[PDB]
Amino acid sequence: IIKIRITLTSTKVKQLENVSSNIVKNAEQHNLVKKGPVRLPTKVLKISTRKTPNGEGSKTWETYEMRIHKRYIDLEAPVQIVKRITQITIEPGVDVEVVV
Amino acid sequence: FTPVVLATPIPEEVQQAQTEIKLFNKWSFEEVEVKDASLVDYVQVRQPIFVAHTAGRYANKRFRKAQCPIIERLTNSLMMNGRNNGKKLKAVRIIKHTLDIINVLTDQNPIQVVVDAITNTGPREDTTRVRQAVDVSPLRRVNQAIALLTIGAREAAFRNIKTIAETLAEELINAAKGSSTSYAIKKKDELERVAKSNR
Amino acid sequence: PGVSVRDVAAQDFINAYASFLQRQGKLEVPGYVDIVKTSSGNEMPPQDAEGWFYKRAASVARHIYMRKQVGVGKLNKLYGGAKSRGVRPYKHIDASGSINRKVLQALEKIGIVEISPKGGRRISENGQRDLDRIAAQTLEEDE
Amino acid sequence: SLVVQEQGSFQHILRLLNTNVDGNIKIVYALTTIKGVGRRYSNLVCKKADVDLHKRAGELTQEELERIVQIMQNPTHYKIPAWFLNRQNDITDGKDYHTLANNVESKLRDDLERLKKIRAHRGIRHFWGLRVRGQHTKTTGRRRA
Amino acid sequence: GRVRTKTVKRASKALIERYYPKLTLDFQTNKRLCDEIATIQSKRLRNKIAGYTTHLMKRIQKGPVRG
Amino acid sequence: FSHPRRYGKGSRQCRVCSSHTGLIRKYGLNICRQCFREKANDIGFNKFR
Amino acid sequence: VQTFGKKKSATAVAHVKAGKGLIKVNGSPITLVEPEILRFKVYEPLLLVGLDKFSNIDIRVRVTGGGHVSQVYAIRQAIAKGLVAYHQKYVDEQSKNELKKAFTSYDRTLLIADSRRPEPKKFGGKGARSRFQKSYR
Amino acid sequence: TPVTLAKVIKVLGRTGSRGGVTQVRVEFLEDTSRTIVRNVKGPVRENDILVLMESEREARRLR
Amino acid sequence: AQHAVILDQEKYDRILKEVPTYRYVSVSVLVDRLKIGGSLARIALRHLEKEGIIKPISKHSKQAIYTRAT
RNA sequence: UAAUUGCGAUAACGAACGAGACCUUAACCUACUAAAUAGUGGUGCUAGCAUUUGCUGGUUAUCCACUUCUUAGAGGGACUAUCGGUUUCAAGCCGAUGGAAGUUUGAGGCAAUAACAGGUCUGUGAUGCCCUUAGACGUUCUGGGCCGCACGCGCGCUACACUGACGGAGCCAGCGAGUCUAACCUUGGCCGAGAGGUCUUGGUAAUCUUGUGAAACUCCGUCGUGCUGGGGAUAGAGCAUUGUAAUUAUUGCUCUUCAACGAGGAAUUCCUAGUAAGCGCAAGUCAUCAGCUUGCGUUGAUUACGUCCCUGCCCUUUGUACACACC
Ligand SMILES: [Mg+2]
Ligand SMILES: [Mg+2]
Ligand SMILES: [Zn+2]
């Protein structure tokens with residue numbers, strides 16, 4: 001069996017947590033050893049801009065936010081479990097990177 | 001008294017804090033009493049403090065300022081002139097130096113000297129725009145006395161050889177003795193001079 | 001009774017190690033003294049030309065003792081202050097790199113610091129010995 | 001600190017390189033009054049002269065003053081770097097000078113004069129009296145009097 | 001100020017109107033029962049409803065309340 | 001028929017409207033500050049505070 | 001056994017263990033806190049309860065994250081909370097309450113962290129509430 | 001400078017153009033069975049002690 | 001440099017009989033009472049502290065508090 | 001009541017929007033889950049000082065245990081709770097206790113109906129109409145200008161100094177950003193007085209830059225109250241960096257010159273608590289260029305807890321010869 005690490009990145013917190021719980025459940029159902037899902041903190045990609053498309057009026061600024069939450073979950077599993085765990089989490093919105 | 005030691009040695013000049021009657025590390029707080037009866041409950045001594053740097057909330061309510069140590073109120077009012085906004089460490093060092101200089105010149109318990117200066121320089125009657133002669137509340141009396149003392153020390157120390165600490169010391173000494181050479185006493189005398197001419 | 005550099009904090013140890021480096025006679029001075037400002041963000045050279053390099057060396061040695069390996073850039077950032085840019089707002093400016101690098105090389109030649117496997121200079125065994133001796137001497141001479 | 005009796009042996013404002021130098025100021029800042037030497041240059045020359053900088057300009061000696069003058073007039077010779085000089089590779093001989101006299105004004109006038117003689121834009125701006133370093137003239141430096 | 005809006009007051013009134021042999025004059029049990037007998041869509045609003053219900057039943061025991 | 005445009009405001013343009021001014025280059029959007037307001041929700045930038 | 005203190009952003013984690021009266025703040029003794037004027041702010045949680053009072057406990061602090069004054073207050077709260085926690089966990093609830101009385105009766109945020117946080121800055125002026133200078137003509 | 005102290009037993013209300021003055025019912029410490037109405041500039045509450053130069057001046061509202 | 005620059009010794013007995021009429025001594029006290037200039041007040045205080053009549057109150061920089069010998 | 005928020009009253013009844021509710025964030029939680037991308041201890045290995053074994057340090061694949069700090073998921077927590085007083089009968093209000101937090105808990109985001117001849121045709125391959133369309137008003141290339149200076153005005157930066165300047169020494173943040181078609185954030189070594197150069201390195205990032213060793217600040221010294229060692233405008237000379245290209249100086253660095261300015265007239269701005277003010281930092285624009293802005297944190301006051309006097313706003317009553325609505 002191989003050492004693997006699954007890195008999950010998303011703006012959708014519900015989808016991210018659903019995928020992380022799916023991975024944890026699929027690990028515990030086969031009784032594998034895993035270092036629990038570590039939550040890499042939300043990168044708030046703040047962007048401040050001017051509301052007006054011109055230069056008139058009260059100088060009102062406007063901040064937009066893009067919250068990038070990250071999870072990482074590393075465990076040990078054979079090639080069959082590795083392939084089925086990378087092919088069980090295709091939830092729309094979560095980026096999944098599996099490294100050996 | 002009780003010269004016990006521990007692994008990190010902290011000196012007996014610190015260990016003598018509370019074995020006897022409580023005090024600040026140089027000036028006692030029990031031998032301080034305001035020379036009047038109206039400025040009680042608005043000049044705050046006893047409780048005592050080891051340093052006039054209580055980073056405490058005192059402005060979210062109306063009369064909570066009266067519970068702030070009067071030495072710290074003097075420090076906060078020294079914490080002014082714009083260039084010196086902030087610099088509370090500077091202001092508390094100035095207060096320490098001022099207290100030492102007060103004790104050097106006619107020692108008289110420099111905390112007690114500060115209290116006497118405030119009580120003497122609190123204007124009792126002032127004028128309001130309607131002018132009309134009105135009385136002054138004790139809280140405003142304390143606030144105006146502190147403001148006058150600090151401002152006098154500030155503009156005395158401005159552009160002259162003596163430091164802010166010693167200018168404040170002279171101002172507090174003269175105000176406590178009630179002499180007309182202190183700026184705060186002169187200003188309070190002017191405010192009370194136009195109190196009777198506007199009745 | 002088990003006294004380290006962390007028992008005298010900021011000025012007594014620094015002045016005593018500067019005095020020790022002065023009396024040891026080993027100067028390691030680059031000849032830049034009297035000429036340099038120690039930072040582009042300064043306005044004047046050090047006031048005491050004889051001994052400012054020794055205080056710098058003592059400070060660098062203590063700074064490398066108190067933590068792990070420290071480099072020339074870290075020392076530059078540490079010793080650089082704000083610069084009066086005229087009618088422009090102040091800003092942090094890094095200190096002189098050559099002075100810090102030559103201080104590091106001087107303490108290397110004396111054997112107080114050594115090159116780290118991970119970069120920068122880490123205090124040497126003899127460096128700790130000398131610094132601990134100075135700390136104990138300062139403590140036993142003046143509380 | 002010591003005996004400073006010196007009943008008749010203190011120099012009040014004195015003469016140095018055709019410039020009045022106050023004897024009541026510490027040596028370096030007293031010397032900074034000469035046109036061509038500033039704080040850093042005076043500090044460097046006073047440390048090269050082996051003079052005690054902690055004393056006023058009026059009591060040091062009558063000969064180490066001339067030593068400072070010699071060091072000041074010959075900086076590159078007394079172990080002073082070229083980058084410490086106000087006149088490097090000046091315009092016509094490449095030597096490193098330090099104009100320290102009532103001659104820094106002369107050299108400045110020579111530079112301005114050569115610029116306007118060759119009709120360079122800086123020289124023309126100097127002739128008009130306007131700002132020369134690309135500054136905005138719309139709002140600042142109006143009265144100047 | 002701390003004036004409760006109609007969204008709070010009417011809901012507390014209805015909760016008392018059909019749950020008197022029920023949650024006592026203690027806010028803790030009032031909110032715990034509100035969780036079960038009302039689909040409030042925020043804990044802040046639920047706490048508001050429970051507190052106003054507690055106050056209303058506390059003043060009920062001094063006599064009937066109009067409405 | 002061309003002079004260098006490897007830097008400055010003429011090197012890059014809005015990926016939507018091709019405007020050289022008011023460009024937002026943070027995170028590599030390269031989108032005008034007005035076009036970004038028009039289609040910020042699509043990219044995933046929201047307002048919270 | 002493990003406690004912490006905060007004032008604005010400085011957190012000081014204190015370990016209170018069984019030992020013999022050793023009070024360290026950053027590896028140095030508490031005599032070495034170095035504001036040089038607020039060094040009694042870090043002595044205050046000692047001089048209130050008992051001057052020596054201790055051949056039994058060792059306090060070792062580590063503070064990071066704020067400023068000089070904020071770190072001073074953070075460690076002064078941390079060691080007080082550590083002493084209270086040690087007395088609650090090991091010695092007795094009576095003593096824990098009895099010295100909590102002194103700490104809270106003289107309270108300068110010794111046991112309760114100050115809730116004042118920097119209010120966010122708004123556009124149209126530097127600072128949270130200060131606005132840029134407005135002109136009319 | 002005759003000395004006469006009083007204690008505000010009741011705060012009547014704000015007065016003055018800007019509302020800077022508080023009108024208060026005050027009761028003298030000596031001869032406690034007598035009350036006069038006064039105008040105060042600073043912040044004042046009940047059970048507070050005023051020092052007044054002139055003892056008898058029935059203060060009215062300030063327009 | 002306006003006054004009391006380097007000598008302050010024509011009346012050097014004012015370093016012995018200066019104790020009366022004042023218990024407070026400082027840099028600005030020396031400058032103000034027509035004896036010693038601020039350019040060497042900081043070293044005259046050190047002289048009198050090392051040997052003389054003044055006793056320190058604290059080791060403060062940017063300030064100096066001295067008292068007469070008791 | 002902050003509120004057309006409610007108690008109520010009642011030719012209205014029952015509703016809708018807005019307010020509130022809501023969402024984000026900042027406070028606490030020794031509660032759960034889980035962490036060599038966060039951390040802390042007990043053993044290992046292990047330099048120093050002290051030797052009854054302690055102190056501080058080291059050990060980025062060296063051991064185990066844990067989650068207080070940190071992180072972020074699911075939740076808890078406050079609801080003005082309790083207790084008094086005041087409340088026309090109530091909505092509420094005022095104190096004290098408890099509480100992490102009692103002002104809508106702090107800050108925001110969102111935010112109605114009607115409008116304005118408000119701004120934007122120079123954001124748009126949004127656009128009607130008009131003009132132009134091959135000596136073009138399309139587009140591109142070189143050069144210049146947008147910055148140009150008798151003067152007036154607005155936003156600001158730096159100061160007028162000792163509550164300071166300058167030298168050493170102490171050495172504390174938080175919000176963030178960063179390059180695989182490639183040159184971004186750069187540690188470390190070396191050279192240089194500096195700016196900077198060079199040889200490597202880590203990082204596509206809780207991993208490295210970076211603990212962003214920030215500045216104000218603190219300590220100790222020099223200066224000594226004078227346009228001074230305050231102030232740094234103007235100018236001269238040189239050294240570099242970015243760029244195809246620095247002249248009208250892009251900027252940085254060194255030396256020199258060292259102006260006004262001695263706290264500012266009439267006027268006038270912003271602001272109530274971690275706020276004002278001071279202090280710097282990151283991001284944006286960016287090849288280079290902050291005295292700008294957007295945020296962030298560090299130090300941290302005074303004063304008030306009111307009023308309708310000024311300037312305005314909301315509701316009611318009232319008068320009008322106003323309706324472009326008192327300009
Ligand atoms: Mg323009
Ligand atoms: Mg008219
Ligand atoms: Zn666009």
Side-chain angles (χ1 to χ4, degrees), chain A residues 17 36-41 48 53-54 56 61, chain B residues 59-60 62 76-77 79-80 82 84-86 88-90 94 161 164, chain C residues 1-4 6 10-11 14 35-36 40 43-44 46-47 52 55 59 71 73 77-78 82 86-89 92 98 119-120 125 128-129 132, chain D residues 29 36 38 41 83-88 108 111 121 133-134 136-138, chain E residues 1-3 5 7 27 45 47-48 50-51, chain F residues 1 3-4 7 17 19 22 32 34 47-49, chain G residues 2 4 9 11 13 27 36 65-68 71 115-121 123 128-131 133-135, chain H residues 14 17-19, chain I residues 2 38-39 61:
Chain A
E17 292 317 83
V38 188
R39 306 186 146 91
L40 304 321
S48 319
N54 42 308
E56 185 254 308
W61 287 84
Chain B
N60 40 74
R62 191 182 179 206
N76 291 329
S77 306
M79 208 187 350
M80 230 184 265
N84 310 305
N85 287 168
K88 176 89 161 289
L89 306 181
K90 199 167 286 280
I94 291 158
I161 187 71
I164 176 65
Chain C
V3 155
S4 100
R6 299 173 146 101
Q11 277 202 317
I14 293 263
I35 284 268
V36 290
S40 46
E43 250 170 59
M44 267 321 255
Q47 294 195 318
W52 78 258
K55 311 214 69 73
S59 168
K77 194 166 176 166
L78 178 81
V87 286
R88 253 101 52 84
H92 168 85
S98 149
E125 302 90 308
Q128 312 188 57
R129 194 190 299 296
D132 264 285
Chain D
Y29 299 88
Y41 190 94
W83 51 268
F84 225 88
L85 310 189
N86 54 32
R87 196 53 163 238
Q88 292 147 111
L108 161 68
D111 295 314
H121 184 252
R133 317 192 172 200
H136 293 172
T137 45
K138 185 158 157 191
Chain E
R2 299 292 228 281
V3 183
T5 73
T7 282
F27 161 79
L45 182 52
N47 282 319
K48 303 263 189 68
Chain F
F1 199 68
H3 121 290
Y7 46 76
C17 64
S19 148
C32 216
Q34 298 93 354
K47 282 191 281 138
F48 301 100
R49 186 197 51 114
Chain G
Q2 283 129 299
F4 66 95
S9 181
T11 317
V13 183
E36 195 76 46
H68 304 316
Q71 286 192 332
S115 43
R116 293 184 286 175
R117 275 329 183 285
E119 152 176 341
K121 178 236 184 196
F123 58 88
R129 290 161 191 209
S130 167
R131 308 283 88 197
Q133 173 145 312
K134 169 188 224 157
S135 42
Chain H
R14 306 305 279 235
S17 34
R18 298 73 164 261
Chain I
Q2 290 268 312
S39 304
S61 166

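Only heavy atoms go into these numbers, but all of them, side chains included; no hydrogens, no water, no symmetry mates. By convention in this document, chain letters (A, B, ...) are assigned in the order of the sequence lines, proteins followed by strands, and residues within each chain are numbered from 1.
For B:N85 and J:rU298, the CG to P distance is 18 Å, given to the nearest whole Å. To the nearest angstrom, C1' of J:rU80 lies 4 Å from CZ of E:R2.
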Polar atoms only, N or O, under 3.5 Å: list the protein pairs with nucleotides 98-100 of chain J and their distances.
none

Distances under 3.5 Å between nitrogen or oxygen atoms of protein and nucleotides 177-183 of chain J:
{"unit_1": "J:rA177", "atom_1": "OP1", "unit_2": "F:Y27", "atom_2": "OH", "d": "2.2"}

Sub-3.5 Å pairs of nitrogen or oxygen atoms, protein against nucleotides 308-313 of chain J:
{"unit_1": "J:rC309", "atom_1": "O2", "unit_2": "H:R18", "atom_2": "NE", "d": "3.3"}

Output one line per pair: protein atom, nucleotide atom from nucleotides 15-17 of chain J, and distance, for all N/O pairs under 3.5 Å.
none

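Straight-line distance between the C1' atoms of J:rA111 and J:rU250: roughly 47 Å, to the nearest whole Å. J:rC184 and J:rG243 have their P atoms separated by 9 Å, with the value rounded to a whole Å.
Between J:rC220 and J:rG167, both key atom distances fall under 3.5 Å, giving a Watson-Crick or G-U wobble pair. Between J:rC253 and J:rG238 there is a base pair of the Watson-Crick or G-U wobble kind, both donor-acceptor distances falling below 3.5 Å. Under a 3.5 Å limit on both donor-acceptor distances, the bases of J:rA65 and J:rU40 meet the Watson-Crick or G-U wobble criterion. With both hydrogen-bonding distances under 3.5 Å required, J:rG57 and J:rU269 do not qualify as a Watson-Crick or G-U wobble pair.
By the 5.5 Å and 30° criteria, F:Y7 is not stacked with the base of J:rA287. With centres under 5.5 Å and a plane angle under 30° as the test, the ring of C:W52 is not stacked against the base of J:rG168. In this pair, G:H68 does not lay its aromatic ring on the base of J:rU298; centres under 5.5 Å and planes under 30 degrees do not both hold.
Every residue two or more places apart in sequence or in another chain that forms a side chain to side chain donor-acceptor pair (under 3.5 Å) with C:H92 is listed here: C:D94. C:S4 is linked by a side chain to side chain donor-acceptor pair (under 3.5 Å) to nothing, counting only residues two or more places apart in sequence or in another chain. For the side-chain contact (heavy atoms from CB on, under 4.5 Å) test, no residue two or more places apart in sequence or in another chain qualifies with B:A59. Among residues two or more places apart in sequence or in another chain, the side-chain contact (heavy atoms from CB on, under 4.5 Å) test is passed with E:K48 by E:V8, E:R44. Annotation: salt bridge (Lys or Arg N to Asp or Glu O under 4.0 Å) contacts of G:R131 (sequence neighbours excluded): none. The side-chain contact (heavy atoms from CB on, under 4.5 Å) test applied to G:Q2 returns G:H15, not counting sequence neighbours.
Using a 4.0 Å cut-off between charged nitrogen and carboxylate oxygen, D:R87 and D:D111 count as a salt-bridge pair.
Under 4.0 angstrom from either OP1 or OP2 of J:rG224 there lies at least one side-chain N or O belonging to I:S39.
Residue G:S9 is classed as a sugar-phosphate contact, given heavy-atom separations below 4.0 Å to backbone atoms only. Looking at heavy-atom distances under 4.0 Å, A:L40 makes contact with a base. B:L89 comes within 4.0 angstrom of sugar-phosphate atoms only, judged by non-hydrogen atoms across all strands, and of no base.
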_Reading 5' to 3' through nucleotides 153-162 of chain J, protein heavy-atom contacts under 4.0 Å coded B for base, S for sugar-phosphate only, - for none_ = BSSSBSS-SS

*In the 5'-to-3' direction, what one-character label does each nucleotide of nucleotides 29-35 of chain J receive under the scheme B = base within less than 4.0 Å of a protein heavy atom, S = sugar-phosphate only, - = no such atom?*
SB--BSS

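Checking J:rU307, J:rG48, J:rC270 against every side-chain atom of C:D132, the shortest atom distance belongs to J:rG48. Of all nucleotides listed (J:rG194, J:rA47, J:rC171), J:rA47 comes nearest to the side chain of C:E125. Nearest to the side chain of F:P4, among J:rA50, J:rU244, J:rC49, sits J:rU244.
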